[PDB]
Amino acid sequence: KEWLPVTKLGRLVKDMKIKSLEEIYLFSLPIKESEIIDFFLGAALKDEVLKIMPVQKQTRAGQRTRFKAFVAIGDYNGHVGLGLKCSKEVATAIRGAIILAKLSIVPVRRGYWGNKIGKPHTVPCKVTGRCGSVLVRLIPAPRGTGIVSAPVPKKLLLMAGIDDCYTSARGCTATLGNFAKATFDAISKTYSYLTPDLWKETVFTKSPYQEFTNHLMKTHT
Amino acid sequence: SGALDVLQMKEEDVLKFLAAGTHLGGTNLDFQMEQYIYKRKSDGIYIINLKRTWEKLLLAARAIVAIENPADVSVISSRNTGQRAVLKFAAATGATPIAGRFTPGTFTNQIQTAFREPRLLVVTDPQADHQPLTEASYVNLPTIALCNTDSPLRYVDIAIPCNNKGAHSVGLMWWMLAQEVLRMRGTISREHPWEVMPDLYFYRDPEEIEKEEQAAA
Amino acid sequence: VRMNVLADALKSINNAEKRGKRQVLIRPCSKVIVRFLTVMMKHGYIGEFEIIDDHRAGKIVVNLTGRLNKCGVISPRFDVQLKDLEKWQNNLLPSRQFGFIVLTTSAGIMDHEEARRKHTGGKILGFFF
Amino acid sequence: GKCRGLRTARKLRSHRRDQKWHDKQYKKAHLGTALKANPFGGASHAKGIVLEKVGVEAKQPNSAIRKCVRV
Amino acid sequence: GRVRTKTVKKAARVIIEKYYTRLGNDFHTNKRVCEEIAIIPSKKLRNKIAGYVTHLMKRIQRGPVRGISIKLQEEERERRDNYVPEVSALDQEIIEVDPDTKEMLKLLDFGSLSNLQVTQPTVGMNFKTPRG
Amino acid sequence: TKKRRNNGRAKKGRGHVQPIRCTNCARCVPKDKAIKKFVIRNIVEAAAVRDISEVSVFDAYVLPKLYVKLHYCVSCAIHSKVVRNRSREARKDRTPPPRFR
Amino acid sequence: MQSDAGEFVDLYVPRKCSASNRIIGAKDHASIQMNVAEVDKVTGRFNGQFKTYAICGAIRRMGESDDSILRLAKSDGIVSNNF
RNA sequence: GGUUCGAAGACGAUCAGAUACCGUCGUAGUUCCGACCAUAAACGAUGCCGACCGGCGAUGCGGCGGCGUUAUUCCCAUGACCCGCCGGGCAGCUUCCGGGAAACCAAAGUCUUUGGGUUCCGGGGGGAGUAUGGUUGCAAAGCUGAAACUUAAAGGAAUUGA
Ligand SMILES: [Mg+2]
Ligand SMILES: [Zn+2]
């Protein structure tokens, strides 16, 4: 249960020096330790297997059937991640899928439909996500509409923390691999989209590495 | 780097550059290295403008000094030419040298024993070290590079327009960066010549060391 | 041949923005283009611009900022009634918060906000958001 | 849409009017022949007199007899 | 058919990197060192490990061994029979300095030096390759 | 599926190129598609050289070479092992194979 | 990003590229932030302040991160205006 | 008009059989002039006109500028090379422009952030480019062109086996 961190960010997290996941997302640091996620959003996160999918390669004699687990994760308040894992056993596939889903959680930005009162409930603007053939477009909807969508993107938008949203998917959506990935691309794009709100000139603070450079010299070589 | 009479090219560095042959580019030009060049000869070689070379060298020196922990400024050279110069630079400043064969995965594979997480990459040739640059696009890692006239500026953030093919030129360019880093820190004084000779950084090939072995006996 | 001049002006801005240029050259300038670009500028999607004046159709050098996503034309120029602004700006614009539909009214060339303000219809030219 | 002129209405309309015939279901409805060939003649059910019983052998991998009746 | 397997080779490289200072040129002494320092479970394996140890170490001195990296240590072994510069590389006489160097040289305030002589600029261009 | 960007031939801006007869067969193939080889052999072989070198009236007569320009259809070229199948990526290399000695 | 009340309601504000004015996303691992040191006018020594520059991932792999950093430095007065 | 070659056909072999491949003959034809026919994997399997968006090296035609080489020995000046620049053309290489199901394509890009202009044309696989009517041609046939009925797949790119 003891976590001895193999990365430098993971160290700073464990020593109680970085005190929010937003101070990492701001600097776009690749999170390579799963325990960083389980530290901040520890008790909040909820797993759900979307599908277990057997894939077979033909060899000298017979197949090699190995399994492939799609796992959505995220606290129902502004973080979502999707992890795929392929192994010989379904127990091993689901375990590694939960971990890969955790490492790839993102901040979902939420805005309003029209009247700018309460908390942000829906998607800030229209966003499109693409994977192979599938194309998932999120449109903002008025308050208490719910998620008017297919069950796969519905539970990804539920877990993301969006209350209201229209969708309009095109392509071979039966493919639950690309449908959920196109949805994940769409949700992830909400914060890499420039609106007149993000126009005020950026004021740069210090990197967590630069600011706590003094500490990382003595804590581990 | 500029607008300061203190930092301008003093009464030695030019003859040192023009002796080393730093001002001689290749026969081919990269479209992004046009600004750093003066004029093309008949002979078909590009002449590099030493003033902008010098301005890039001092801006590179600034970016290196700005790092608070001098340990995590990784310096790299895979070619025979720079393998000594990088070790001498690193020993002088306190940088972390990788001279010869950067194994793919030292930045993105946390399991490897030779796994570093540096804060500023310094390369001798983008063509030779095309592996650390492309691997430095997977971790947020700014880059300095001893770029020739034809060397591409893909993932390169400060290109020092020099002649990185020659032994004397590479060795001198590493020496001048090392000296500027220490001058700007306050280890060396601005006015007195650094007691290190720039020839400590040059590549002594096994034929010429056989000659120097003979010369001493 | 060049049948729509505003169409090519806005496509050349769009490619220049995407590619990450600081400024762009528009070839055959016109009142409608200059009147489109002043509406853009007035909200602050483009900086200043300078209309280079030969003894022909002029040229425009526009100072691009990096705060324009898309600027597109609508050909043909449909007769947008006032009661149709909503169902146009519902499917053309990204959100109800930002983005504008410039349409040529009797008053002049202006966005859907000012056309609603002055109680006027007209013809859709394009949109920027 | 391909042609986008502000008075290309008879073009777009006449084009669509012609190209709806290439739809299998539309043509099967709007040409007479399907209804003219249909034994029921476009009706829900129909009464008919049984004239013999028949054992129809089922298709492939399935292997059985079907208790059909000629009416 | 005397190819040593990864077992013998890896064990040899790990033994040298940890215990360089004991192992030497003699096979029999560093057989006895490897015997003590390494809990090796068979005698033929110990002899093959010890055998390859006094082959790697008998070539560390010659120079550029790759797989084993006690790097400054190999450098300090290189620094024993030193031919150190008394008067180092560029402590010399007049320098050959290209008349087109000399125009880029008085683009500063330098026109000349004690050890600067302006030779002859390049004549002719046999430089490109016929396009066949 | 499209195999070769140029459709196994050196035709780009024509439409028609006069056909040519395969030397092994007599198959009509387009001139630019045909596998061409230029063969320059001595009229006598290798070991017969010294026989005809000394049983000749003229001192220092450089006996002539026979010059043959061979065209093959793709079928004959592959069968007679002039050309062979290559790796999907290695097909692209147009550089003629090394003749040194 | 505030409601009618004026409470700043979105959970963070992403940095914007110093060159192209694009916003640097959470999973953009090809972006940089480079601190260029400040020199004391007379001594020629490091003060303890610096001019930081953020750059987008697309700009870097395009290969304009070099000329972009150059323009930002030249505008901030680090690099000489003659150059 | 008929040199060569060669549908038909005459044989000779091979083969279980050969009405084919292989071989010796060989009429129509292949060639020229004048009337027809209007189709090809008639292919870039990719309509045309216009604008915008990376780099490099060559190439064919026209122009423009420049050390030097060679002929006109008198070299003004033209021609043959050399080094670059501009515009049209056939192509090539390269890259995280971007797209695409991919193979791949600086166009097949600038497309859910969907609208520059316009012509033709496709709608699961068969039945079938069939029947029928019309029209063109001396004939062969061309252009236009369904239905009843049958069917759960046919198919495209790429992967791992045999
Ligand atoms: Mg043809
Ligand atoms: Zn043949």
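Residue 1 is the first one shown; counting continues down the chain.
The backbone N, Cα and C atoms fix where each Cβ goes, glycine too.
Sequence annotations record features per position, and here Swiss-Prot assigns SUMO2 cross-link to D:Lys36 based on similarity to another entry. The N6-succinyllysine feature in Swiss-Prot is assigned to D:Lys53. Summarising the annotation, Swiss-Prot assigns 3-hydroxyproline to D:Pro61 and lists similarity to another entry as the type of evidence.
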What does DSSP assign D:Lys53 (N6-succinyllysine), in three states?
strand
Applying a 10 Å Cβ distance cut-off over all chains shown, what neighbour count does D:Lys53 (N6-succinyllysine) have?
9
How big is the gap, in Å, between the Cα of the residue listed as 'SUMO2 cross-link' and that of the residue listed as 'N6-succinyllysine', rounded to a whole number?
27
Distance, the residue listed as 'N6-succinyllysine' to the residue listed as '3-hydroxyproline' (CA atoms, angstrom):
24
Of D:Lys36, D:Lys53, D:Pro61, which recorded positions come close to ligand 1, meaning Cβ under 6 Å from one of its atoms?
none
With every protein chain in view, what's the tally of Cβ atoms within 10 Å of the Cβ of D:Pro61 (3-hydroxyproline), excluding that atom itself?
5
For D:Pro61 (3-hydroxyproline), what is the secondary structure state per DSSP, taken as helix, strand or coil?
coil
